[PDB]
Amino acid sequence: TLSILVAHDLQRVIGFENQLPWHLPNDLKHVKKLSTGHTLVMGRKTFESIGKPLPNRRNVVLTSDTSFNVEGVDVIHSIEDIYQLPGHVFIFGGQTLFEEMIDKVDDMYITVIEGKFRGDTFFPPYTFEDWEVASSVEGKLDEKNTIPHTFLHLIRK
């Protein structure tokens, strides 16, 4: 299976200045739970944003940099390389990766952040005519998680 994981706001903002525009611990937990024991593929900028590979899954970084060789990270230099990775593969960001892969993935696990943030990077437009709503679950709000959010699982029709 090849899936996208993304958190985007009401206007499909995904990032600002190489970080998330929002603080939402529950999204991080969501992503951790879904990808445990699986594979994440991310662009070079996203990797540098997190700074270190996420433990307990295979971290794959897509970059043109042939000098890239980081401990705990596997490197690829082509989109085509993604299709050679075994198991459940998650496209992990950022904008460039999402743009390159949205037409290729089986499904998408989206955290819709139900707000309007300042962004400099976006998830590409998509239509529910192309995607079946496998599930839609409202996120619980509390002291640590104060922005309304919805977890969508979309499967390509």
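Residues carry their position along the shown sequence, with the first being 1.
Looking at mean Cα B-factors across 97-105 and 49-57, the upper value is held by 49-57.
Stretches compared: 5-13, 144-152. Higher mean C-alpha B-factor in the entry: 144-152.
Comparing the listed residues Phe123, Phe117, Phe128, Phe90, the entry records the largest Cα B-factor for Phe128. The deposited CA B-factor of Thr111 belongs to the lowest third of values across its chain.
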